[PDB]
>>> print(open('work-v2.tsv').read())   # TSV, C-alpha atoms and all ligand atoms
chain	number	residue	atom	x	y	z
A	1	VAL	CA	10.94	1.07	-38.31
A	2	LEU	CA	14.59	1.76	-37.47
A	3	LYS	CA	16.78	2.07	-34.38
A	4	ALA	CA	18.57	5.43	-34.04
A	5	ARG	CA	20.31	7.90	-31.76
A	6	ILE	CA	18.35	11.20	-31.42
A	7	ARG	CA	16.53	11.50	-25.72
A	8	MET	CA	19.23	9.36	-27.35
A	9	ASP	CA	17.66	6.02	-28.24
A	10	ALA	CA	14.71	6.31	-30.59
A	11	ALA	CA	12.59	4.07	-32.80
A	12	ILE	CA	11.98	5.96	-36.04
A	13	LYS	CA	9.15	5.35	-38.50
A	14	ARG	CA	9.24	6.80	-42.03
A	15	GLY	CA	-1.16	12.29	-41.10
A	16	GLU	CA	-0.10	10.45	-37.93
A	17	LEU	CA	1.46	13.50	-36.24
A	18	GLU	CA	-1.99	14.86	-35.24
A	19	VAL	CA	-2.87	11.70	-33.28
A	20	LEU	CA	0.46	11.36	-31.48
A	21	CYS	CA	0.52	15.03	-30.42
A	22	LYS	CA	-3.01	14.85	-29.04
A	23	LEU	CA	-2.12	11.92	-26.78
A	24	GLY	CA	0.09	14.27	-24.77
A	25	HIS	CA	2.48	12.63	-22.35
A	26	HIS	CA	2.30	9.92	-19.71
A	27	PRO	CA	4.88	7.57	-18.18
A	28	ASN	CA	2.68	4.63	-19.17
A	29	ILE	CA	2.30	5.44	-22.86
A	30	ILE	CA	4.84	5.73	-25.68
A	31	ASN	CA	6.70	9.06	-25.86
A	32	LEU	CA	6.54	11.16	-29.08
A	33	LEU	CA	9.95	12.81	-29.27
A	34	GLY	CA	9.78	14.76	-32.56
A	35	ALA	CA	9.35	14.62	-36.34
A	36	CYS	CA	10.31	15.95	-39.85
A	37	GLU	CA	11.29	14.65	-43.36
A	38	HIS	CA	13.26	15.05	-46.64
A	39	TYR	CA	9.93	10.39	-40.01
A	40	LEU	CA	8.28	10.00	-36.57
A	41	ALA	CA	10.61	9.69	-33.58
A	42	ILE	CA	9.52	7.72	-30.48
A	43	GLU	CA	11.56	6.98	-27.30
A	44	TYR	CA	13.13	3.53	-27.63
A	45	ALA	CA	12.16	0.81	-25.15
A	46	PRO	CA	15.32	-1.22	-24.37
A	47	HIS	CA	13.39	-4.29	-23.17
A	48	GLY	CA	11.09	-4.53	-26.24
A	49	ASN	CA	7.51	-5.88	-26.15
A	50	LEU	CA	6.02	-7.35	-22.97
A	51	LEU	CA	4.95	-10.68	-24.53
A	52	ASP	CA	8.47	-11.66	-25.66
A	53	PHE	CA	9.86	-10.31	-22.36
A	54	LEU	CA	7.38	-12.38	-20.32
A	55	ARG	CA	8.34	-15.45	-22.35
A	56	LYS	CA	12.12	-14.86	-22.08
A	57	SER	CA	11.70	-14.99	-18.29
A	58	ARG	CA	10.63	-18.65	-18.49
A	59	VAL	CA	13.97	-19.62	-17.05
A	60	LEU	CA	13.21	-23.32	-16.74
A	61	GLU	CA	13.06	-23.43	-20.53
A	62	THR	CA	15.99	-21.12	-21.23
A	63	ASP	CA	18.33	-22.07	-18.36
A	64	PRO	CA	17.03	-25.25	-16.63
A	65	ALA	CA	20.17	-25.80	-14.59
A	66	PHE	CA	19.95	-22.25	-13.20
A	67	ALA	CA	16.18	-22.64	-12.63
A	68	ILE	CA	16.22	-25.99	-10.81
A	69	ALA	CA	19.05	-24.80	-8.61
A	70	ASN	CA	17.09	-21.68	-7.58
A	71	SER	CA	13.64	-23.30	-7.46
A	72	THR	CA	12.46	-20.52	-9.77
A	73	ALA	CA	10.08	-20.61	-12.74
A	74	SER	CA	10.55	-16.94	-13.66
A	75	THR	CA	13.25	-14.25	-13.52
A	76	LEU	CA	10.34	-11.87	-12.79
A	77	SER	CA	8.77	-11.64	-9.34
A	78	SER	CA	5.07	-11.24	-8.41
A	79	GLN	CA	5.90	-7.60	-7.59
A	80	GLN	CA	7.31	-6.99	-11.10
A	81	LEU	CA	4.41	-8.86	-12.77
A	82	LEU	CA	1.73	-6.87	-10.90
A	83	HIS	CA	3.63	-3.61	-11.52
A	84	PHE	CA	3.41	-4.36	-15.27
A	85	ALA	CA	-0.34	-4.78	-14.73
A	86	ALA	CA	-0.67	-1.49	-12.78
A	87	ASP	CA	1.45	0.24	-15.40
A	88	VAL	CA	-0.96	-0.77	-18.23
A	89	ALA	CA	-4.06	0.17	-16.17
A	90	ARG	CA	-2.62	3.59	-15.29
A	91	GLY	CA	-1.90	4.23	-19.00
A	92	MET	CA	-5.31	2.93	-20.06
A	93	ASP	CA	-6.99	5.15	-17.47
A	94	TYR	CA	-5.11	8.13	-18.84
A	95	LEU	CA	-5.94	7.08	-22.41
A	96	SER	CA	-9.64	6.41	-21.72
A	97	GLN	CA	-10.37	9.82	-20.07
A	98	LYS	CA	-9.33	11.32	-23.40
A	99	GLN	CA	-11.90	8.94	-24.98
A	100	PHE	CA	-9.23	6.99	-26.83
A	101	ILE	CA	-10.26	3.46	-27.71
A	102	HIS	CA	-7.37	1.09	-28.29
A	103	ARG	CA	-9.18	-2.01	-29.63
A	104	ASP	CA	-5.97	-4.12	-29.50
A	105	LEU	CA	-4.89	-4.45	-25.88
A	106	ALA	CA	-2.57	-7.45	-25.56
A	107	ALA	CA	0.94	-8.07	-24.21
A	108	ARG	CA	2.33	-7.83	-27.76
A	109	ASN	CA	1.30	-4.15	-27.89
A	110	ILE	CA	2.86	-3.12	-24.55
A	111	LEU	CA	6.45	-1.91	-24.36
A	112	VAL	CA	8.88	-2.42	-21.47
A	113	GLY	CA	10.83	0.83	-21.05
A	114	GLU	CA	13.47	2.26	-18.71
A	115	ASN	CA	13.03	0.99	-15.14
A	116	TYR	CA	10.82	-1.83	-16.55
A	117	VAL	CA	7.98	0.69	-16.80
A	118	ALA	CA	5.32	-0.71	-19.12
A	119	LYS	CA	4.03	1.51	-21.89
A	120	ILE	CA	0.95	1.24	-24.11
A	121	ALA	CA	1.77	1.13	-27.80
A	122	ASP	CA	-0.07	0.40	-31.03
A	123	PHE	CA	1.89	-1.26	-33.81
A	124	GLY	CA	-0.98	-1.01	-36.30
A	125	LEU	CA	-0.21	1.56	-38.99
A	126	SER	CA	-2.76	4.41	-39.06
A	127	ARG	CA	-5.05	6.45	-36.80
A	128	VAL	CA	-19.25	5.96	-34.58
A	129	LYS	CA	-18.10	2.69	-36.08
A	130	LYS	CA	-14.38	2.10	-35.72
A	131	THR	CA	-11.77	0.74	-38.08
A	132	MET	CA	-10.60	-2.88	-37.63
A	133	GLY	CA	-7.92	-4.95	-39.39
A	134	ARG	CA	-7.63	-8.68	-38.66
A	135	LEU	CA	-9.52	-9.55	-35.47
A	136	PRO	CA	-7.53	-10.51	-32.34
A	137	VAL	CA	-10.28	-12.98	-31.36
A	138	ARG	CA	-8.75	-14.39	-28.13
A	139	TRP	CA	-8.59	-10.83	-26.73
A	140	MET	CA	-12.09	-9.79	-27.79
A	141	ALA	CA	-15.21	-8.97	-25.79
A	142	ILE	CA	-18.37	-10.98	-26.51
A	143	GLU	CA	-19.94	-7.77	-27.84
A	144	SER	CA	-17.15	-7.25	-30.37
A	145	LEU	CA	-17.38	-10.84	-31.69
A	146	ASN	CA	-21.13	-10.46	-31.96
A	147	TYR	CA	-22.27	-6.92	-32.99
A	148	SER	CA	-18.74	-5.47	-33.77
A	149	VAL	CA	-18.90	-2.97	-30.87
A	150	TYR	CA	-15.81	-1.17	-29.51
A	151	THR	CA	-15.72	1.00	-26.38
A	152	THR	CA	-13.59	1.45	-23.22
A	153	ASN	CA	-15.42	-1.53	-21.73
A	154	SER	CA	-14.32	-3.82	-24.59
A	155	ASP	CA	-10.77	-2.48	-23.93
A	156	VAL	CA	-11.34	-3.54	-20.32
A	157	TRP	CA	-12.18	-7.13	-21.41
A	158	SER	CA	-8.97	-7.25	-23.50
A	159	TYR	CA	-7.08	-5.94	-20.47
A	160	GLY	CA	-8.47	-8.92	-18.52
A	161	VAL	CA	-6.75	-11.21	-21.05
A	162	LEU	CA	-3.51	-9.16	-20.89
A	163	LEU	CA	-3.64	-9.49	-17.09
A	164	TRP	CA	-3.90	-13.27	-17.76
A	165	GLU	CA	-0.95	-12.98	-20.22
A	166	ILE	CA	1.09	-11.35	-17.43
A	167	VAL	CA	0.39	-13.99	-14.76
A	168	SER	CA	0.81	-16.97	-17.10
A	169	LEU	CA	4.13	-15.55	-18.41
A	170	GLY	CA	3.05	-15.14	-22.03
A	171	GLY	CA	0.74	-18.12	-22.25
A	172	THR	CA	-1.49	-18.26	-25.28
A	173	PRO	CA	-5.08	-17.61	-24.10
A	174	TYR	CA	-7.43	-20.62	-24.36
A	175	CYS	CA	-4.57	-22.97	-25.42
A	176	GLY	CA	-6.24	-26.05	-26.90
A	177	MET	CA	-9.37	-24.13	-27.84
A	178	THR	CA	-10.35	-23.22	-31.42
A	179	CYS	CA	-11.34	-19.63	-32.27
A	180	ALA	CA	-14.74	-20.93	-33.39
A	181	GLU	CA	-15.62	-22.47	-30.01
A	182	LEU	CA	-14.99	-19.09	-28.30
A	183	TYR	CA	-17.88	-17.45	-30.22
A	184	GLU	CA	-20.01	-20.37	-29.07
A	185	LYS	CA	-18.87	-20.80	-25.43
A	186	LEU	CA	-18.34	-17.21	-24.18
A	187	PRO	CA	-22.06	-16.21	-24.48
A	188	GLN	CA	-22.78	-19.37	-22.41
A	189	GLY	CA	-20.60	-17.87	-19.65
A	190	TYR	CA	-17.39	-19.80	-20.29
A	191	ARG	CA	-14.32	-17.78	-19.28
A	192	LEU	CA	-10.60	-18.53	-19.11
A	193	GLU	CA	-9.62	-20.63	-16.09
A	194	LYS	CA	-7.47	-19.55	-13.14
A	195	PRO	CA	-3.79	-20.25	-13.83
A	196	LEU	CA	-2.11	-22.53	-11.31
A	197	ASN	CA	0.44	-20.01	-10.00
A	198	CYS	CA	-2.38	-17.46	-9.64
A	199	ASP	CA	-3.96	-16.28	-6.39
A	200	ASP	CA	-7.78	-16.20	-6.25
A	201	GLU	CA	-7.78	-12.37	-5.89
A	202	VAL	CA	-5.97	-11.67	-9.16
A	203	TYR	CA	-8.37	-14.14	-10.78
A	204	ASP	CA	-11.35	-12.24	-9.39
A	205	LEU	CA	-10.02	-9.04	-11.07
A	206	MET	CA	-9.72	-10.80	-14.43
A	207	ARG	CA	-13.32	-12.08	-13.96
A	208	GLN	CA	-14.50	-8.52	-13.29
A	209	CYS	CA	-13.10	-7.47	-16.73
A	210	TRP	CA	-15.13	-10.25	-18.40
A	211	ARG	CA	-18.67	-9.60	-17.12
A	212	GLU	CA	-21.27	-10.16	-19.86
A	213	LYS	CA	-22.62	-6.65	-19.29
A	214	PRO	CA	-20.06	-4.07	-20.57
A	215	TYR	CA	-21.38	-1.45	-18.13
A	216	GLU	CA	-20.83	-3.81	-15.19
A	217	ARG	CA	-17.08	-4.11	-15.84
A	218	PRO	CA	-14.70	-2.03	-13.72
A	219	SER	CA	-13.09	1.16	-14.92
A	220	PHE	CA	-9.33	1.33	-15.42
A	221	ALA	CA	-9.24	3.68	-12.40
A	222	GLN	CA	-10.83	0.87	-10.32
A	223	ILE	CA	-8.51	-1.74	-11.82
A	224	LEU	CA	-5.45	0.30	-10.77
A	225	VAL	CA	-6.86	0.56	-7.21
A	226	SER	CA	-7.35	-3.21	-7.02
A	227	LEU	CA	-3.81	-3.92	-8.25
A	228	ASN	CA	-2.29	-1.32	-5.94
A	229	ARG	CA	-4.03	-3.07	-3.03
A	230	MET	CA	-2.34	-6.33	-4.06
A	231	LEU	CA	1.12	-4.75	-4.44
A	232	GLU	CA	0.81	-3.11	-0.98
A	233	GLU	CA	-0.06	-6.40	0.77
A	234	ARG	CA	2.72	-8.60	2.17
A	235	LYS	CA	0.99	-11.51	0.42
A	236	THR	CA	2.65	-12.83	-2.73
A	237	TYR	CA	-0.04	-12.99	-5.41
A	238	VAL	CA	1.75	-14.71	-8.30
A	239	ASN	CA	3.70	-17.90	-7.60
A	240	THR	CA	6.99	-18.07	-9.50
A	241	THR	CA	8.62	-20.91	-7.59
A	242	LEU	CA	8.99	-24.39	-8.96
A	243	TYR	CA	7.20	-27.32	-7.34
A	244	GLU	CA	7.13	-31.04	-8.15
A	245	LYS	CA	4.39	-30.90	-10.79
A	246	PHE	CA	5.20	-27.45	-12.30
A	247	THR	CA	4.20	-26.80	-15.89
A	248	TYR	CA	4.20	-23.57	-17.89
A	249	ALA	CA	1.00	-22.35	-19.50
A	250	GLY	CA	1.31	-23.45	-23.10
A	251	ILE	CA	2.57	-21.21	-25.86
A	252	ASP	CA	1.94	-23.03	-29.15
B	1	LIG	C1	11.73	-2.49	-29.40
B	1	LIG	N1	11.67	-1.15	-28.79
B	1	LIG	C2	10.83	-0.24	-29.27
B	1	LIG	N2	10.69	0.94	-28.66
B	1	LIG	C3	9.85	1.86	-29.10
B	1	LIG	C4	9.10	1.60	-30.23
B	1	LIG	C5	9.23	0.36	-30.87
B	1	LIG	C6	8.53	0.02	-32.04
B	1	LIG	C7	8.74	-1.23	-32.63
B	1	LIG	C8	8.07	-1.57	-33.81
B	1	LIG	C9	7.20	-0.63	-34.38
B	1	LIG	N3	7.03	0.56	-33.80
B	1	LIG	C10	7.66	0.91	-32.67
B	1	LIG	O1	7.46	2.12	-32.10
B	1	LIG	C11	6.45	2.94	-32.52
B	1	LIG	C12	5.24	2.92	-31.82
B	1	LIG	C13	4.18	3.73	-32.23
B	1	LIG	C14	2.87	3.70	-31.41
B	1	LIG	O2	2.76	2.92	-30.46
B	1	LIG	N4	1.94	4.59	-31.77
B	1	LIG	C15	0.75	4.83	-31.19
B	1	LIG	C16	0.56	4.62	-29.82
B	1	LIG	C17	-0.65	4.94	-29.23
B	1	LIG	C18	-0.88	4.67	-27.74
B	1	LIG	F1	-1.67	3.62	-27.67
B	1	LIG	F2	0.23	4.39	-27.06
B	1	LIG	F3	-1.51	5.68	-27.17
B	1	LIG	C19	-1.68	5.46	-29.99
B	1	LIG	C20	-1.51	5.69	-31.35
B	1	LIG	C21	-0.29	5.39	-31.95
B	1	LIG	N5	-0.08	5.58	-33.27
B	1	LIG	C22	-0.66	4.47	-34.05
B	1	LIG	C23	-0.05	4.53	-35.45
B	1	LIG	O3	-0.37	5.79	-36.09
B	1	LIG	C24	-0.10	6.97	-35.23
B	1	LIG	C25	-0.61	6.86	-33.79
B	1	LIG	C26	4.36	4.61	-33.30
B	1	LIG	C27	5.58	4.64	-33.99
B	1	LIG	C28	6.62	3.81	-33.60
B	1	LIG	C29	7.96	3.85	-34.36
B	1	LIG	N6	10.11	-0.53	-30.36
>>> encode(input="work-v2.tsv", output="structure tokens", more="lines below")
Ligand SMILES: CNc1nccc(-c2cccnc2Oc2cc(C(=O)Nc3cc(C(F)(F)F)ccc3N3CCOCC3)ccc2C)n1
Amino acid sequence: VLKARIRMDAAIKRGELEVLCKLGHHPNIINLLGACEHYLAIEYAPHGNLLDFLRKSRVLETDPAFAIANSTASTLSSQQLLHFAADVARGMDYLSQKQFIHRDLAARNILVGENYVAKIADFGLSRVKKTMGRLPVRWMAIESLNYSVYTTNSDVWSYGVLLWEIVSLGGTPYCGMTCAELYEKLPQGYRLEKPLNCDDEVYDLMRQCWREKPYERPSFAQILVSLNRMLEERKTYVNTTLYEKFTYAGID
């Protein structure tokens, strides 16, 4: 994958053209510009992947003097954070009505484009039982861990974890927990805990994505509605201000 001019900025990769074309276009997915050879051209995202971008906003760690002085934990606001969330949901709604199943929803696979508009991507390398590489276990629905099932509802569970990645600023999900104990504890109804900077209502939405029953989970259309409600309220939903006992959700 290489940076290039000709839209100007593009990320060029050198059978996949059928899949990209059939996705059509949407402001919340990657944009297929054109192709040929002697080479797939996609619109470059100046802010790179969401994970790294969420982590680079941890200003206390990067620029502590600046952070303390401003009483800020993040260069992103609750408005920006929730807009990333609504961006992914809008793209996943678009993508799921075309019966596209991602199977790898996580911050690492979302791009931050022009105007900080989040875009679904897939950095795997080719596209009814479905194909799987190495399992992203911390992002996986109970029913994928057991049974190896993949549907829009399992995508919704992974979205729940991405929503958690957004609020925690790139925290590693279940920090301190082994992959093995997830297979064991999730069936028993264990779920990820509410982050400290998180409002109860964003936590409820995450919990809705993690219902045991796949068919009880909300649709991406319903998830966008919930988030839009939060963004329209005066209420701040994600705390980004420092306080005496502040600690970031752990990364490693
Ligand atoms: C850092 N900035 C940046 N901007 C744009 C792209 C990239 C980037 C970085 C590293 C690797 N790849 C890219 O960009 C992509 C991204 C994709 C990509 O996301 N492709 C697919 C996306 C989707 C989506 F989920 F969005 F609907 C679905 C299928 C996709 N591909 C999957 C691979 O095979 C063809 C179809 C394909 C090619 C390239 C060159 N980086």
>>> residues_near_point(input="work-v2.tsv", point="(-4.2, -8.9, -23.5)", cutoff="9 Å", atoms="all atoms listed in the file", output="ChimeraX atom specification")
/A:104-109,138-139,157-166,173
>>> residues_near_ligand(input="work-v2.tsv", ligand="ligand LIG 1 (chain B)", cutoff="9 Å", atoms="only C-alpha atoms and all ligand atoms", output="PyMOL selection string")
chain A and resi 1-3+9-21+23+28-32+39-49+91-92+95+100-102+105+109-113+119-127
>>> closest_atom_pairs(input="work-v2.tsv", of="segment 40-114 of chain A", to="segment 231-236 of chain A", cutoff="9 Å", atoms="all atoms listed in the file", output="CSV")
residue,atom,partner,partner_atom,distance
A:78,CA,A:236,CA,6.4
A:79,CA,A:231,CA,6.4
A:82,CA,A:231,CA,6.8
A:83,CA,A:231,CA,7.6
>>> closest_residue(input="work-v2.tsv", among="A:36, A:135, A:202, A:69", to="residue 168 of chain A", atoms="all atoms listed in the file")
A:202
>>> closest_residue(input="work-v2.tsv", among="A:118, A:85, A:225, A:171", to="residue 58 of chain A", atoms="all atoms listed in the file")
A:171
>>> atom_distance(input="work-v2.tsv", atom1="atom CA of residue 188 of chain A", atom2="atom CA of residue 153 of chain A")
19.3 Å
>>> atom_distance(input="work-v2.tsv", atom1="atom CA of residue 144 of chain A", atom2="atom CA of residue 183 of chain A")
10.2 Å
>>> residues_around(input="work-v2.tsv", residues="residue 198 of chain A", least_positions_apart="4", cutoff="9 Å", atoms="only C-alpha atoms", output="number ranges by chain")
A: 167-168, 194, 202-203, 237-239
>>> closest_residue(input="work-v2.tsv", among="A:117, A:94, A:248, A:240", to="residue 76 of chain A", atoms="all atoms listed in the file")
A:240
>>> closest_residue(input="work-v2.tsv", among="A:193, A:87, A:61, A:37", to="residue 228 of chain A", atoms="only C-alpha atoms")
A:87
>>> closest_residue(input="work-v2.tsv", among="A:241, A:148, A:77, A:226", to="residue 132 of chain A", atoms="all atoms listed in the file")
A:148
>>> closest_residue(input="work-v2.tsv", among="A:174, A:215, A:246, A:84", to="residue 192 of chain A", atoms="all atoms listed in the file")
A:174
>>> atom_distance(input="work-v2.tsv", atom1="atom CA of residue 65 of chain A", atom2="atom CA of residue 245 of chain A")
17.0 Å
>>> residues_around(input="work-v2.tsv", residues="residue 184 of chain A", least_positions_apart="6", cutoff="12 Å", atoms="only C-alpha atoms", output="list in words")
residues 142, 145, 146, 177, 178, 190 and 191 of chain A
>>> write_last_selection(input="work-v2.tsv", atoms="C-alpha atoms", output="PDB file, in the frame of the given file")
ATOM      1  CA  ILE A 142     -18.370 -10.980 -26.510  1.00  0.00           C
ATOM      2  CA  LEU A 145     -17.380 -10.840 -31.690  1.00  0.00           C
ATOM      3  CA  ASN A 146     -21.130 -10.460 -31.960  1.00  0.00           C
ATOM      4  CA  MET A 177      -9.370 -24.130 -27.840  1.00  0.00           C
ATOM      5  CA  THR A 178     -10.350 -23.220 -31.420  1.00  0.00           C
ATOM      6  CA  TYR A 190     -17.390 -19.800 -20.290  1.00  0.00           C
ATOM      7  CA  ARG A 191     -14.320 -17.780 -19.280  1.00  0.00           C
TER       8      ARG A 191
END
